Amino acid sequence: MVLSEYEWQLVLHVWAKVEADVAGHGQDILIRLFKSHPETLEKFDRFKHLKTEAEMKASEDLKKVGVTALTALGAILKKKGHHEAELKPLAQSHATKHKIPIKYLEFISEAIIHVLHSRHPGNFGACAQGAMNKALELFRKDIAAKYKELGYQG
Ligand code: HEM
């Protein structure tokens with residue numbers, strides 16, 4: 001699949017809103033992920049004891065993890081599908097070290113869309129939601145290919 005320039009511009013326009021406060025957005029996204037899919041928290045060896053939203057919010061270390069993830073995602077989205085350099089090390093760490101199934105990337109894609117819908121309806125209307133779905137789907141498909149190259153199904 002490919003995104004049009006129109007679609008990339010919708011994706012990057014709403015992404016600029018995230019950058020007003022990446023840490024706050026990442027906190028919402030991670031908490032959404034963990035509460036919607038408690039099994040995902042088990043993958044974070046440093047944080048798997050933080051089993052409620054109140055505990056999650058009170059860890060600056062967890063919020064720094066959120067910043068790291070969203071900063072990397074922002075850089076990937078700005079490659080507009082020419083993102084192969086950014087994905088090889090990311091796939092290697094998530095396939096082989098963190099052991100993240102592709103389905104968990106579908107979960108965090110869901111959480112990202114949910115948080116953007118909650119916080120930025122003025123720039124996350126119907127067209128922008130479709131474009132972001134496609135951009136994150138492309139990210140997951142390209143990661144899944146790199147998983148396969150490393151011998152992991154995902
Ligand atoms: C948009 C999707 C994601 C992006 C861009 C992303 C990015 C990153 C980056 C850049 C790092 C630090 C370098 C590395 O270890 O590769 C990291 C660490 C990590 N990621 Fe991801 N990630 C994503 C999704 C996920 C998901 C869904 C999970 C688990 C359900 C996960 C689990 C982890 C863990 C456990 C670490 C190590 C955290 C720590 O330092 O304690 N990642 N991620």
# chains A, B, ... in the order shown; residues from 1 in each chain; ligands from 1

call {"tool": "residues_near_ligand", "arguments": {"ligand": "ligand 1", "cutoff": "9 Å", "atoms": "only C-alpha atoms and all ligand atoms", "output": "MDAnalysis selection string"}}
result
chainID A and resid 30 33:34 37 39:47 61:62 64:76 87 89:94 97:109 112 136 139:140

call {"tool": "residues_around", "arguments": {"residues": "residue A:151", "least_positions_apart": "5", "cutoff": "12 Å", "atoms": "only C-alpha atoms", "output": "list in words"}}
result
residues 91, 92, 95, 96, 144, 145 and 146 of chain A

call {"tool": "write_last_selection", "arguments": {"atoms": "C-alpha atoms", "output": "compact mmCIF listing (two decimals), in the first residue's frame"}}
result
# COMPACT_ATOMS: atom_id res chain seq x y z
CA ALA A 91 12.17 -4.31 14.29
CA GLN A 92 15.28 -6.14 15.55
CA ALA A 95 11.18 -8.88 17.52
CA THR A 96 14.20 -10.33 19.31
CA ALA A 144 6.13 -7.33 10.00
CA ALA A 145 8.27 -7.81 6.89
CA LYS A 146 11.41 -7.06 8.92

call {"tool": "select_by_dssp", "arguments": {"residues": "chain A", "states": "alpha helix (DSSP H)", "output": "NGL selection string"}}
result
:A and (5-18 or 22-36 or 38-41 or 53-57 or 60-77 or 84-92 or 102-119 or 126-149)

call {"tool": "residues_around", "arguments": {"residues": "residue A:4", "least_positions_apart": "4", "cutoff": "12 Å", "atoms": "only C-alpha atoms", "output": "list in words"}}
result
residues 8, 9, 10, 11, 80, 81, 131, 132, 134 and 135 of chain A

call {"tool": "write_last_selection", "arguments": {"atoms": "N, CA, C and O atoms", "output": "mmCIF file, in the first residue's frame"}}
result
data_model
loop_
_atom_site.group_PDB
_atom_site.id
_atom_site.type_symbol
_atom_site.label_atom_id
_atom_site.label_comp_id
_atom_site.auth_asym_id
_atom_site.auth_seq_id
_atom_site.Cartn_x
_atom_site.Cartn_y
_atom_site.Cartn_z
ATOM 1 N N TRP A 8 -0.581 11.852 3.536
ATOM 2 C CA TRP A 8 0.557 12.134 4.408
ATOM 3 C C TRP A 8 0.395 13.479 5.102
ATOM 4 O O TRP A 8 0.737 13.621 6.283
ATOM 5 N N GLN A 9 -0.146 14.474 4.389
ATOM 6 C CA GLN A 9 -0.292 15.804 4.975
ATOM 7 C C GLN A 9 -1.309 15.791 6.106
ATOM 8 O O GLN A 9 -1.127 16.479 7.112
ATOM 9 N N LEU A 10 -2.383 15.010 5.969
ATOM 10 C CA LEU A 10 -3.323 14.884 7.082
ATOM 11 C C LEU A 10 -2.649 14.239 8.285
ATOM 12 O O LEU A 10 -2.854 14.675 9.425
ATOM 13 N N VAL A 11 -1.849 13.194 8.050
ATOM 14 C CA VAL A 11 -1.161 12.494 9.134
ATOM 15 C C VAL A 11 -0.196 13.434 9.846
ATOM 16 O O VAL A 11 -0.167 13.513 11.082
ATOM 17 N N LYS A 80 7.371 9.335 5.446
ATOM 18 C CA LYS A 80 6.288 9.169 4.477
ATOM 19 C C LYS A 80 6.460 7.888 3.668
ATOM 20 O O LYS A 80 6.352 7.871 2.440
ATOM 21 N N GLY A 81 6.724 6.792 4.372
ATOM 22 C CA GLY A 81 6.816 5.497 3.724
ATOM 23 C C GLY A 81 8.193 5.124 3.213
ATOM 24 O O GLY A 81 8.449 3.934 2.977
ATOM 25 N N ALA A 131 -6.519 8.471 7.061
ATOM 26 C CA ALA A 131 -5.117 8.593 6.674
ATOM 27 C C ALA A 131 -4.187 8.070 7.764
ATOM 28 O O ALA A 131 -3.187 7.398 7.471
ATOM 29 N N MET A 132 -4.504 8.351 9.030
ATOM 30 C CA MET A 132 -3.657 7.860 10.115
ATOM 31 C C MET A 132 -3.758 6.346 10.249
ATOM 32 O O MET A 132 -2.751 5.672 10.476
ATOM 33 N N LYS A 134 -4.189 4.304 7.808
ATOM 34 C CA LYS A 134 -3.364 3.767 6.731
ATOM 35 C C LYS A 134 -1.877 3.906 7.040
ATOM 36 O O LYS A 134 -1.102 2.973 6.794
ATOM 37 N N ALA A 135 -1.458 5.062 7.566
ATOM 38 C CA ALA A 135 -0.044 5.273 7.884
ATOM 39 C C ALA A 135 0.440 4.279 8.931
ATOM 40 O O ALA A 135 1.532 3.710 8.805
#

call {"tool": "closest_residue", "arguments": {"among": "A:15, A:143, A:82, A:88", "to": "residue A:2", "atoms": "only C-alpha atoms"}}
result
A:82

call {"tool": "closest_residue", "arguments": {"among": "A:1, A:16, A:54, A:77", "to": "residue A:28", "atoms": "only C-alpha atoms"}}
result
A:54

call {"tool": "atom_distance", "arguments": {"atom1": "atom CA of residue A:25", "atom2": "atom CA of residue A:133"}}
result
17.6 Å

call {"tool": "residues_around", "arguments": {"residues": "residue A:31", "least_positions_apart": "3", "cutoff": "9 Å", "atoms": "only C-alpha atoms", "output": "list in words"}}
result
residues 26, 27, 28, 34, 35, 36, 52, 53, 56, 57 and 111 of chain A

call {"tool": "closest_residue", "arguments": {"among": "A:22, A:113, A:13, A:5", "to": "residue A:63", "atoms": "only C-alpha atoms"}}
result
A:22

call {"tool": "atom_distance", "arguments": {"atom1": "atom CA of residue A:17", "atom2": "atom CA of residue A:121"}}
result
10.9 Å

call {"tool": "atom_distance", "arguments": {"atom1": "atom CA of residue A:20", "atom2": "atom CA of residue A:123"}}
result
13.8 Å
